[PDB]
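Raw contents of start-v7.cif, mmCIF, C-alpha atoms and all ligand atoms:
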```
data_input
#
loop_
_atom_site.label_atom_id
_atom_site.label_comp_id
_atom_site.auth_asym_id
_atom_site.auth_seq_id
_atom_site.Cartn_x
_atom_site.Cartn_y
_atom_site.Cartn_z
CA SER A 8 44.86 -108.83 -75.91
CA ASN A 9 41.98 -110.62 -74.18
CA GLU A 10 42.14 -108.02 -71.42
CA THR A 11 39.12 -105.79 -70.98
CA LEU A 12 37.63 -103.01 -68.89
CA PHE A 13 37.32 -105.64 -66.20
CA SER A 14 40.94 -106.72 -66.13
CA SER A 15 42.57 -105.66 -62.88
CA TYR A 16 45.24 -103.03 -63.18
CA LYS A 17 48.17 -101.78 -61.15
CA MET A 18 48.27 -97.99 -61.21
CA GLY A 19 51.45 -97.59 -59.23
CA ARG A 20 50.43 -97.74 -55.58
CA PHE A 21 46.80 -98.51 -56.39
CA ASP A 22 45.50 -101.91 -57.44
CA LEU A 23 42.44 -101.30 -59.60
CA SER A 24 40.04 -104.16 -60.21
CA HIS A 25 38.85 -102.73 -63.49
CA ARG A 26 39.48 -100.04 -66.09
CA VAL A 27 36.22 -98.17 -65.50
CA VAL A 28 37.09 -94.75 -64.18
CA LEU A 29 34.69 -92.12 -62.97
CA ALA A 30 35.77 -89.14 -65.09
CA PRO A 31 36.09 -85.83 -63.22
CA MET A 32 32.76 -84.04 -63.50
CA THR A 33 31.64 -80.70 -62.11
CA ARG A 34 28.04 -81.07 -60.92
CA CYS A 35 27.72 -77.93 -58.82
CA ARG A 36 26.13 -79.68 -55.84
CA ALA A 37 28.86 -78.32 -53.58
CA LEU A 38 27.02 -75.23 -52.39
CA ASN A 39 29.28 -72.35 -51.40
CA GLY A 40 32.36 -74.24 -52.51
CA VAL A 41 32.47 -76.76 -49.69
CA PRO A 42 31.84 -80.51 -50.15
CA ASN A 43 28.87 -82.03 -48.32
CA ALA A 44 26.86 -85.23 -47.87
CA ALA A 45 25.38 -84.89 -51.34
CA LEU A 46 28.84 -85.24 -52.94
CA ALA A 47 29.46 -87.98 -50.37
CA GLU A 48 26.43 -89.95 -51.50
CA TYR A 49 27.11 -89.20 -55.16
CA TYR A 50 30.63 -90.60 -55.14
CA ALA A 51 29.99 -93.42 -52.67
CA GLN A 52 27.16 -94.45 -55.00
CA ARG A 53 29.43 -94.77 -58.00
CA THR A 54 32.09 -96.49 -55.95
CA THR A 55 33.23 -100.06 -56.51
CA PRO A 56 35.98 -102.21 -54.99
CA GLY A 57 39.27 -101.43 -56.69
CA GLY A 58 37.38 -98.85 -58.76
CA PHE A 59 39.07 -95.56 -59.65
CA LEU A 60 37.15 -92.31 -59.50
CA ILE A 61 38.24 -88.77 -60.16
CA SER A 62 36.47 -85.90 -58.43
CA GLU A 63 34.68 -83.08 -60.14
CA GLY A 64 37.10 -80.24 -60.81
CA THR A 65 37.99 -78.60 -57.52
CA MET A 66 39.14 -75.03 -56.90
CA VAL A 67 42.82 -74.63 -56.03
CA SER A 68 42.38 -71.03 -54.86
CA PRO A 69 39.83 -68.26 -54.60
CA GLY A 70 39.00 -67.04 -58.09
CA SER A 71 39.91 -70.36 -59.71
CA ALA A 72 36.23 -71.29 -60.30
CA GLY A 73 34.16 -70.65 -63.40
CA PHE A 74 31.03 -72.54 -62.39
CA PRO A 75 28.59 -72.24 -59.50
CA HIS A 76 28.93 -74.26 -56.32
CA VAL A 77 32.06 -76.11 -57.35
CA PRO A 78 33.98 -77.50 -54.43
CA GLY A 79 37.14 -75.90 -53.17
CA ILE A 80 39.98 -77.57 -51.30
CA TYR A 81 42.47 -74.76 -50.78
CA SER A 82 41.23 -74.15 -47.21
CA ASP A 83 40.68 -76.08 -43.99
CA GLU A 84 36.90 -75.92 -44.13
CA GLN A 85 36.86 -77.42 -47.64
CA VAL A 86 39.33 -80.07 -46.55
CA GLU A 87 37.31 -81.05 -43.49
CA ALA A 88 34.12 -81.58 -45.49
CA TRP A 89 35.98 -83.48 -48.25
CA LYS A 90 36.86 -86.21 -45.76
CA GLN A 91 33.32 -87.52 -45.59
CA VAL A 92 33.22 -87.91 -49.37
CA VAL A 93 36.58 -89.65 -49.53
CA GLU A 94 35.68 -91.87 -46.55
CA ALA A 95 32.43 -92.81 -48.24
CA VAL A 96 34.51 -93.87 -51.21
CA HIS A 97 37.20 -95.68 -49.28
CA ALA A 98 34.64 -97.45 -47.10
CA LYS A 99 33.44 -98.93 -50.35
CA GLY A 100 37.00 -99.64 -51.44
CA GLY A 101 37.34 -97.19 -54.29
CA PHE A 102 40.21 -94.85 -55.11
CA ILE A 103 39.55 -91.18 -55.54
CA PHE A 104 41.72 -88.41 -56.87
CA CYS A 105 40.90 -84.75 -56.48
CA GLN A 106 41.28 -82.98 -59.80
CA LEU A 107 43.32 -79.79 -59.73
CA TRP A 108 41.20 -77.22 -61.49
CA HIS A 109 41.77 -73.57 -62.25
CA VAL A 110 39.52 -72.06 -64.88
CA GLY A 111 41.81 -69.16 -65.59
CA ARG A 112 40.04 -66.81 -67.98
CA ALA A 113 37.03 -69.11 -68.16
CA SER A 114 35.43 -67.36 -65.20
CA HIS A 115 33.56 -64.21 -64.28
CA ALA A 116 33.70 -61.33 -61.80
CA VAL A 117 30.97 -63.23 -59.97
CA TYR A 118 33.47 -65.98 -59.14
CA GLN A 119 36.34 -63.62 -58.47
CA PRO A 120 37.29 -62.16 -55.13
CA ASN A 121 36.10 -58.52 -55.13
CA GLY A 122 34.32 -59.09 -58.42
CA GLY A 123 37.61 -58.67 -60.21
CA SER A 124 39.05 -59.94 -63.46
CA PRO A 125 39.77 -63.67 -63.56
CA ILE A 126 43.39 -64.30 -64.48
CA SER A 127 44.90 -66.06 -67.46
CA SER A 128 47.91 -66.43 -69.71
CA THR A 129 46.44 -63.80 -72.02
CA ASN A 130 44.24 -60.69 -71.88
CA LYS A 131 42.09 -61.96 -74.74
CA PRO A 132 38.67 -63.19 -73.58
CA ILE A 133 36.98 -66.40 -74.65
CA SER A 134 34.96 -65.29 -77.70
CA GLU A 135 31.30 -64.53 -76.86
CA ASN A 136 29.48 -65.86 -79.90
CA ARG A 137 30.60 -69.43 -79.15
CA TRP A 138 30.61 -69.80 -75.35
CA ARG A 139 29.50 -68.04 -72.16
CA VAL A 140 30.10 -68.64 -68.48
CA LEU A 141 27.20 -70.03 -66.49
CA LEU A 142 26.41 -68.01 -63.36
CA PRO A 143 24.91 -69.44 -60.10
CA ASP A 144 21.53 -67.88 -60.89
CA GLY A 145 21.49 -70.03 -64.01
CA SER A 146 22.01 -67.33 -66.61
CA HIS A 147 24.75 -67.41 -69.24
CA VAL A 148 26.88 -64.35 -69.88
CA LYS A 149 29.98 -63.29 -71.80
CA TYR A 150 33.38 -64.32 -70.53
CA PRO A 151 35.20 -61.18 -69.40
CA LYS A 152 38.57 -59.86 -70.44
CA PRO A 153 41.13 -61.70 -68.30
CA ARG A 154 44.26 -60.13 -66.85
CA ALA A 155 47.33 -62.02 -68.01
CA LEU A 156 49.39 -63.25 -65.05
CA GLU A 157 52.72 -61.59 -64.40
CA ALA A 158 55.56 -64.02 -65.07
CA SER A 159 56.70 -63.76 -61.46
CA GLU A 160 53.10 -64.08 -60.29
CA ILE A 161 52.97 -67.60 -61.68
CA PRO A 162 54.97 -69.61 -59.10
CA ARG A 163 52.34 -68.29 -56.68
CA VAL A 164 49.45 -69.95 -58.48
CA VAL A 165 51.67 -73.05 -58.29
CA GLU A 166 51.64 -72.70 -54.50
CA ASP A 167 47.82 -72.90 -54.68
CA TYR A 168 48.10 -76.17 -56.58
CA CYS A 169 50.57 -77.40 -53.95
CA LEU A 170 48.49 -76.45 -50.87
CA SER A 171 45.27 -77.74 -52.41
CA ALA A 172 47.17 -80.89 -53.34
CA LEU A 173 48.61 -81.24 -49.83
CA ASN A 174 45.08 -80.57 -48.63
CA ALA A 175 43.66 -83.21 -50.96
CA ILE A 176 45.87 -85.80 -49.28
CA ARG A 177 44.96 -84.28 -45.92
CA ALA A 178 41.30 -84.89 -46.66
CA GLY A 179 42.23 -88.46 -47.54
CA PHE A 180 42.21 -88.33 -51.33
CA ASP A 181 44.46 -90.98 -52.81
CA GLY A 182 45.88 -88.25 -54.98
CA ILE A 183 45.11 -85.50 -57.41
CA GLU A 184 44.76 -85.06 -61.15
CA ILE A 185 45.97 -82.17 -63.26
CA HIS A 186 43.17 -80.69 -65.37
CA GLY A 187 45.38 -79.29 -68.12
CA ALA A 188 42.93 -78.73 -70.99
CA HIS A 189 39.36 -77.86 -71.86
CA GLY A 190 40.39 -74.22 -72.17
CA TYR A 191 41.13 -73.75 -68.49
CA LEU A 192 44.10 -71.99 -66.87
CA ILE A 193 46.91 -74.50 -67.44
CA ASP A 194 45.57 -75.07 -70.96
CA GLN A 195 45.40 -71.31 -71.61
CA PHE A 196 49.19 -71.55 -71.21
CA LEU A 197 49.47 -74.73 -73.29
CA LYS A 198 47.35 -73.86 -76.34
CA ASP A 199 48.79 -71.61 -79.03
CA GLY A 200 45.17 -70.88 -79.87
CA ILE A 201 44.90 -69.12 -76.50
CA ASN A 202 48.45 -68.44 -75.49
CA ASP A 203 49.11 -65.19 -77.34
CA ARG A 204 52.05 -64.57 -74.98
CA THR A 205 55.63 -63.65 -75.90
CA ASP A 206 57.41 -63.77 -72.52
CA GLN A 207 58.91 -66.75 -70.69
CA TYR A 208 55.50 -68.47 -70.82
CA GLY A 209 54.51 -68.73 -74.46
CA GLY A 210 55.66 -68.89 -78.06
CA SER A 211 57.59 -72.16 -78.17
CA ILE A 212 55.68 -75.34 -77.39
CA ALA A 213 58.25 -75.84 -74.65
CA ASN A 214 57.48 -72.52 -72.98
CA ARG A 215 53.77 -73.18 -73.45
CA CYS A 216 54.35 -76.19 -71.16
CA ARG A 217 56.33 -74.25 -68.59
CA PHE A 218 53.31 -73.46 -66.43
CA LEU A 219 52.07 -77.05 -66.48
CA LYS A 220 55.58 -78.28 -65.69
CA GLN A 221 55.83 -75.92 -62.71
CA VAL A 222 52.44 -77.04 -61.45
CA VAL A 223 53.12 -80.75 -61.92
CA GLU A 224 56.63 -80.54 -60.52
CA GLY A 225 55.25 -78.31 -57.79
CA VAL A 226 52.51 -80.69 -56.76
CA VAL A 227 54.66 -83.79 -57.28
CA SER A 228 57.28 -82.52 -54.82
CA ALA A 229 54.41 -81.86 -52.45
CA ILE A 230 52.80 -85.27 -52.63
CA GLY A 231 54.67 -87.73 -54.87
CA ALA A 232 54.39 -88.69 -58.53
CA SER A 233 52.14 -91.78 -58.42
CA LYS A 234 49.62 -89.63 -56.58
CA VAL A 235 49.18 -87.36 -59.58
CA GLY A 236 47.41 -87.52 -62.89
CA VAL A 237 47.55 -84.73 -65.47
CA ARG A 238 44.61 -84.74 -67.86
CA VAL A 239 45.46 -83.09 -71.14
CA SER A 240 43.12 -83.18 -74.12
CA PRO A 241 45.24 -80.93 -76.41
CA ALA A 242 42.93 -81.70 -79.33
CA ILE A 243 39.81 -80.31 -77.65
CA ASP A 244 38.94 -76.78 -78.75
CA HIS A 245 36.73 -76.11 -75.71
CA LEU A 246 36.51 -72.44 -74.75
CA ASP A 247 38.55 -71.51 -77.82
CA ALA A 248 41.45 -73.68 -76.64
CA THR A 249 42.55 -74.69 -80.13
CA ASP A 250 46.09 -75.45 -81.21
CA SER A 251 47.67 -75.45 -84.68
CA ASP A 252 49.24 -78.82 -83.99
CA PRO A 253 47.52 -80.81 -81.18
CA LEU A 254 49.47 -84.01 -81.79
CA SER A 255 52.80 -82.23 -81.50
CA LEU A 256 51.53 -80.21 -78.53
CA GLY A 257 50.64 -83.37 -76.66
CA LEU A 258 54.00 -84.96 -77.37
CA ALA A 259 55.66 -82.00 -75.70
CA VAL A 260 53.41 -82.47 -72.67
CA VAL A 261 54.20 -86.20 -72.72
CA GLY A 262 57.89 -85.44 -73.10
CA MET A 263 57.82 -83.12 -70.13
CA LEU A 264 56.04 -85.81 -68.12
CA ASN A 265 58.58 -88.40 -69.20
CA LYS A 266 61.44 -86.09 -68.28
CA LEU A 267 59.85 -85.58 -64.87
CA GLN A 268 59.52 -89.34 -64.30
CA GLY A 269 63.18 -89.85 -65.21
CA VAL A 270 64.59 -87.41 -62.62
CA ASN A 271 61.85 -87.61 -60.01
CA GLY A 272 62.01 -91.34 -60.74
CA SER A 273 58.56 -92.65 -59.85
CA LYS A 274 55.85 -92.55 -62.48
CA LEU A 275 52.89 -90.21 -62.25
CA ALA A 276 49.61 -91.91 -61.44
CA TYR A 277 48.60 -91.57 -65.10
CA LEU A 278 48.15 -89.48 -68.21
CA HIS A 279 44.50 -88.70 -68.93
CA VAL A 280 43.58 -87.61 -72.45
CA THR A 281 40.13 -86.75 -73.71
CA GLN A 282 39.58 -87.86 -77.29
CA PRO A 283 39.96 -84.97 -79.71
CA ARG A 284 36.21 -85.61 -79.88
CA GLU A 300 36.12 -92.40 -90.63
CA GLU A 301 38.24 -90.34 -88.24
CA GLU A 302 37.31 -89.92 -84.59
CA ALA A 303 39.92 -91.88 -82.65
CA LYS A 304 43.23 -92.01 -84.60
CA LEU A 305 45.51 -89.69 -82.58
CA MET A 306 45.35 -91.02 -79.02
CA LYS A 307 47.75 -93.91 -79.77
CA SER A 308 50.61 -91.53 -80.49
CA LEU A 309 50.49 -90.13 -76.95
CA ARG A 310 49.29 -93.48 -75.67
CA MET A 311 52.74 -94.67 -76.83
CA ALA A 312 54.88 -91.56 -76.52
CA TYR A 313 54.17 -91.65 -72.82
CA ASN A 314 55.89 -94.04 -70.46
CA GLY A 315 52.99 -94.87 -68.21
CA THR A 316 49.32 -95.60 -67.79
CA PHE A 317 47.19 -93.80 -70.33
CA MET A 318 43.61 -92.95 -69.47
CA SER A 319 41.16 -92.44 -72.29
CA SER A 320 38.18 -90.12 -72.05
CA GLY A 321 35.53 -88.59 -74.29
CA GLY A 322 32.71 -90.26 -76.21
CA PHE A 323 33.47 -93.71 -74.79
CA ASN A 324 30.96 -96.45 -74.13
CA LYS A 325 31.56 -100.09 -73.23
CA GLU A 326 32.19 -100.84 -76.89
CA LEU A 327 35.23 -98.55 -77.26
CA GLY A 328 36.26 -99.05 -73.64
CA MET A 329 36.78 -102.74 -74.29
CA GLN A 330 38.55 -102.09 -77.58
CA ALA A 331 40.56 -99.38 -75.83
CA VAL A 332 41.74 -101.99 -73.38
CA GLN A 333 41.39 -105.27 -75.34
CA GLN A 334 43.04 -104.07 -78.55
CA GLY A 335 45.44 -102.39 -76.16
CA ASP A 336 44.54 -99.01 -77.62
CA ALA A 337 44.68 -97.49 -74.12
CA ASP A 338 44.81 -98.37 -70.42
CA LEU A 339 42.32 -97.35 -67.68
CA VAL A 340 39.40 -95.54 -69.29
CA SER A 341 37.37 -92.76 -67.68
CA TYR A 342 33.67 -92.26 -68.40
CA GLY A 343 31.63 -89.11 -67.94
CA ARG A 344 27.99 -88.82 -68.96
CA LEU A 345 27.36 -92.54 -68.72
CA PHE A 346 28.62 -92.47 -65.15
CA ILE A 347 26.37 -89.52 -64.49
CA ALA A 348 23.42 -91.72 -65.49
CA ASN A 349 24.76 -95.04 -64.20
CA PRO A 350 25.89 -95.11 -60.58
CA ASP A 351 26.65 -98.78 -61.18
CA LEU A 352 28.17 -98.20 -64.60
CA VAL A 353 30.81 -100.84 -63.92
CA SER A 354 28.27 -103.54 -63.11
CA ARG A 355 25.96 -102.57 -65.95
CA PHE A 356 28.94 -102.65 -68.28
CA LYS A 357 30.28 -105.89 -66.84
CA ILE A 358 26.98 -107.62 -67.57
CA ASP A 359 25.96 -105.67 -70.68
CA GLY A 360 22.85 -104.56 -68.82
CA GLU A 361 20.53 -101.58 -69.26
CA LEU A 362 21.94 -98.04 -69.01
CA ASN A 363 19.99 -95.14 -67.54
CA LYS A 364 19.75 -92.17 -69.85
CA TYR A 365 21.48 -89.05 -68.59
CA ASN A 366 19.76 -85.68 -68.48
CA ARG A 367 21.70 -82.52 -69.27
CA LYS A 368 19.17 -80.29 -67.49
CA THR A 369 20.44 -81.49 -64.13
CA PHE A 370 24.11 -81.80 -65.01
CA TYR A 371 24.84 -78.46 -63.36
CA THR A 372 21.83 -77.84 -61.12
CA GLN A 373 22.08 -77.70 -57.31
CA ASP A 374 19.59 -80.31 -56.22
CA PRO A 375 21.46 -82.71 -53.94
CA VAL A 376 19.12 -85.34 -55.25
CA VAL A 377 17.45 -84.75 -58.63
CA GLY A 378 19.86 -85.31 -61.51
CA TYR A 379 22.51 -86.20 -58.95
CA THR A 380 21.71 -89.31 -56.92
CA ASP A 381 18.52 -90.27 -58.78
CA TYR A 382 19.78 -92.41 -61.65
CA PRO A 383 18.94 -95.85 -60.14
CA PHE A 384 21.10 -98.94 -59.90
CA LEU A 385 19.95 -101.93 -61.95
CA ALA A 386 16.98 -103.78 -60.52
CA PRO A 387 18.64 -106.31 -58.14
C1 LIG A 401 28.61 -82.21 -66.49
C2 LIG A 401 30.07 -82.37 -66.88
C3 LIG A 401 31.05 -81.91 -66.02
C4 LIG A 401 32.43 -82.06 -66.34
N1 LIG A 401 33.35 -81.63 -65.49
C5 LIG A 401 34.63 -81.76 -65.72
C6 LIG A 401 35.60 -81.32 -64.75
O1 LIG A 401 35.22 -80.80 -63.71
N2 LIG A 401 36.94 -81.51 -65.07
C7 LIG A 401 37.33 -82.08 -66.24
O2 LIG A 401 38.51 -82.23 -66.48
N3 LIG A 401 36.47 -82.50 -67.15
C8 LIG A 401 35.16 -82.38 -66.97
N4 LIG A 401 34.28 -82.83 -67.88
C9 LIG A 401 34.80 -83.44 -69.14
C10 LIG A 401 34.05 -84.66 -69.25
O3 LIG A 401 34.51 -85.49 -68.16
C11 LIG A 401 34.19 -85.45 -70.55
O4 LIG A 401 33.81 -84.58 -71.65
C12 LIG A 401 33.14 -86.49 -70.37
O5 LIG A 401 33.50 -87.33 -69.31
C13 LIG A 401 32.93 -87.38 -71.55
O6 LIG A 401 31.80 -88.16 -71.10
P1 LIG A 401 31.43 -89.06 -72.25
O7 LIG A 401 32.34 -89.43 -73.31
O8 LIG A 401 32.23 -90.14 -71.36
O9 LIG A 401 30.18 -90.06 -72.04
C14 LIG A 401 32.83 -82.68 -67.58
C15 LIG A 401 31.77 -83.12 -68.45
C16 LIG A 401 30.44 -82.99 -68.11
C17 LIG A 401 29.40 -83.51 -69.09
#
```

When written as structure tokens, how does the structure in this file appear?
Ligand SMILES: Cc1cc2nc3c(=O)[nH]c(=O)nc-3n(C[C@H](O)[C@H](O)[C@H](O)COP(=O)(O)O)c2cc1C
Amino acid sequence: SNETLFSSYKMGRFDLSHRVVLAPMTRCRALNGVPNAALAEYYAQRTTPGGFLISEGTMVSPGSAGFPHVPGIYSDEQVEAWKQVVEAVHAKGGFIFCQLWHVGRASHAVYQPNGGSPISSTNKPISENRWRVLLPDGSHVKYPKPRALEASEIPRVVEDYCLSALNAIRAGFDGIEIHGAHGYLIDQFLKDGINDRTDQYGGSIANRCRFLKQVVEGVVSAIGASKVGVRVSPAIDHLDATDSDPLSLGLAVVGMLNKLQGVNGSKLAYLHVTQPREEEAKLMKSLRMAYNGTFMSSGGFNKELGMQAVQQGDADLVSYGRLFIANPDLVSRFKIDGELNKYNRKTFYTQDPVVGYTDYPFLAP
């Protein structure tokens, strides 16, 4: 139990030197959807030997974005420019996975080919009063009414996850992650709060997992289990992605992932679960035990909980978001209990390749 965020870890193929993971974070510095030297510097900065990083959500197809200047990886151009980023990470000995991200209904005509309707599991839009999509000009507008996918039209989207995945590896990524929550596409099929379907993709918790299963099994076949993570924060009501029973929803996801590992054999790279974030951390254990494999914690963490997450064996490898945004050398700072730069929301999603991106300074040598 004396293990900590600094205890080495074997994540299948990858030997991590610590449990500090760079959580996947969209930063919108990938102008026009293609990676560049800014993302290269950004990731290389936060890289450490045996350190695991997850890329900002990356488009798996045209129309799969819901934010400005997010990187894509479904094409050759995107792939080519991703290489520099990945190389900048590998040169520094880190591991990097490309998150598989499709925003589904959480998009806008502005991000859709031909200014069309983003797709989803449902036709219901993300309620306006609570959230709005952020357009490239910086304004915030209402999420539009999404067109529910046709049952048959689903295996296609899967192809996009497969190509993008195969591309990820082509660009050198050590693997990919499955962004299955936060109200995005896959989640819109998982959450009963969103999934108002009645066909072969909805209703029963099992069917609600069908899309995720097809994507995971689809990408796995394409690149191999241990090269795939599948983030699922079923207790996060982001973008109206609520669920009547999060704990039981996650167990179904876990079950499906355990079933996959039994047949497919090899274990997935990991299961990533954002805290549902008195009572603000008693529900991760269940999945953190129901699952046969490495469990990544995310959401609200700091060194304090990270250590307890590992130490008190609450959870394996832990990903960090905002703190990593503000601390390129988060691992070091954490490892020595040093100062932590403060993060600034204003530049979370701006396009400056520098300001709010590569500015947070490393500790004074
Ligand atoms: C600017 C920003 C971008 C994010 N982008 C993504 C993303 O692209 N994919 C994803 O799955 N989660 C994303 N998240 C979820 C966050 O990773 C998670 O809420 C965050 O890491 C928690 O940071 P905090 O608890 O560690 O300090 C993002 C969060 C922020 C703040």

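Minimum atom-to-atom distances from A:180, A:168, A:277, A:89 to residue 219 (chain A) were compared using only C-alpha atoms, and the lowest value belongs to A:168.
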
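CA of residue 337 (chain A) is found 5.9 Å from CA of residue 317 (chain A).
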
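Take the candidates A:60, A:165, A:18, A:51 and check each one against ligand LIG 401 (chain A) using all atoms listed in the file; the shortest distance goes to A:60.
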
Once 8 Å is added on each side, what centre and edge lengths in Å to one decimal does the axis-aligned box around all listed atoms of region 327-332 of chain A have, as lines of an AutoDock Vina configuration file?
```
center_x = 38.5
center_y = -100.6
center_z = -75.5
size_x = 22.5
size_y = 20.2
size_z = 20.2
```

Ranking A:119, A:136, A:54, A:9 by minimum distance to residue 353 (chain A) and counting all atoms listed in the file, which one comes first? A:54

Please return as a ChimeraX atom specification the residues found within 6 Å of ligand LIG 401 (chain A), counting all atoms listed in the file. /A:30-34,63-64,186,320-323,342-345,370

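Put simply, CA of residue 335 (chain A) is 8.1 Å away from CA of residue 10 (chain A).
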